[PDB]
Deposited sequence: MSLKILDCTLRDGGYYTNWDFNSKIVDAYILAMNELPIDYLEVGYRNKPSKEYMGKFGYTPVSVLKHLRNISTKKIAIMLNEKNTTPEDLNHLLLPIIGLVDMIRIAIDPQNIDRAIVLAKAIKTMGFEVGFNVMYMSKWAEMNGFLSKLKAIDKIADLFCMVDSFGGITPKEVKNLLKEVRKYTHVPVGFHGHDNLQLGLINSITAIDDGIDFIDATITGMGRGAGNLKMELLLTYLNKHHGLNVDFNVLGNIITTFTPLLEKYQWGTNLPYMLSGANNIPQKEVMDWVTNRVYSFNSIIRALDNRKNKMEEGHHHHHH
């Protein structure tokens, strides 16, 4: 089992992906002393119209430093809908040797196009990860699962993403079993905490032999956020015999506490509603800003 932390990449939302070196160094060094195998530190992007900070572009200068002080594997993410095979040269060529894995945020609707991208990334020598969204819609997408056999020689990770934060333990088991019937590649799970099922869904996947689990420090992420890495490690230390340095865990939590008190990610009634009814949380929170009853009558 490999544990991947994506705090900076997923939590950057609130700070325009800007993080000062003091937080970045504390984070990287803490990860060295925690049982976390992969660190997804940010995105690689083409020039954005609206401002995006440091970790939205994750420049080479930063990666050389992180690679210098980190003893774990490093990953960055690419948004499939914004990347063509022709963009790979400027996006990835400069980071060869500095980054281990390139994860791709993919909408299941574009899986075939993503496979073309993945294939190209693989020839550059990177490990390739597929972070496929809307796992709650897979079962009813005709021929989708059958399209996964095409990733057998490319994917190093097939990550199931609980996009709405409404997936239940039973559904996670079923989907994992299903994916195993169509692809031989390592499988992962990235749960959201809209219903606070992040921990139990992850433990459920872990006990069924899943290969990868995503989480972030204090669950930092947009809206209801992600599974809290500290919660995962605490649980595994007790029930799975995972050795953990809690002193470091507590210190890294403290590092991110000022941002948490300011931005306060975490679930609430609007996010609980979006999770249980598979509605993107930004849609629902914007409505609250419909009475809640109207939001549910419309369903």
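Practice problem: May I ask you to mark the stretches of the deposited sequence that the structure leaves without C-alpha coordinates? | Solution: Those parts of the chain that were deposited but carry no coordinates are 1-2, 292-294, 305-320.
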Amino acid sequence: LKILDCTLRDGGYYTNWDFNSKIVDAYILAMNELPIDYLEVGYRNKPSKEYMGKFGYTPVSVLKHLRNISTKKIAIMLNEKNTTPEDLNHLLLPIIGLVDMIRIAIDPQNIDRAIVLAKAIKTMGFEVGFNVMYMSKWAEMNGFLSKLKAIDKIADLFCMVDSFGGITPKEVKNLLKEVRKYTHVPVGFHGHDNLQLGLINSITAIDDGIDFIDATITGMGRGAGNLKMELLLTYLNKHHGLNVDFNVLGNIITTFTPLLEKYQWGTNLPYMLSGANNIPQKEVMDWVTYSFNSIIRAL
From here on, numbers count along this sequence of modelled residues.
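Practice problem: For the higher mean C-alpha B factor in the entry, choose 257-265 or 46-54. | Solution: Higher of the two, by average CA B-factor, is 46-54.
Exercise. Pick between 143-151 and 126-134: the one whose mean CA B-factor in the entry is higher.
Key: Looking at the recorded C-alpha B-factors, 143-151 comes out higher on average.
Practice problem: Name the one of 78, 88, 160, 95 with the greatest CA B-factor according to the PDB entry. | Solution: Each of 78, 88, 160, 95 was compared by C-alpha B-factor; the highest is 88.
Quiz item: Out of 117, 106, 227, 224, which one has a C-alpha B factor higher than all the others in the entry?
Solution: Checking the PDB record, the top C-alpha B-factor among 117, 106, 227, 224 is at 117.
Quiz prompt | Position of residue 204 among the chain's modelled residues by C-alpha B-factor, lowest, middle or highest third | solution = Tercile = lowest for this residue's CA B-factor.
Practice problem: Compare the C-alpha B factor of residue 241 with those of the other modelled residues in its chain, then answer lowest, middle or highest third. | Solution: Ranked within chain, residue 241 CA B lands in the highest tercile.
Self-check item: Record-listed C-alpha B factor of residue 113: chain third
Solution: CA B-factor rank for residue 113: highest third.
Quiz item: Lowest, middle or highest third: where is residue 173 by C-alpha B factor in its chain?
Solution: Answer is highest: the recorded C-alpha B-factor places it there.
Exercise. Please rank the C-alpha B-factors of the chain's modelled residues and tell me whether residue 25 sits in the lowest, middle or highest third.
Key: Residue 25: CA B-factor falls in the lowest third of its chain.
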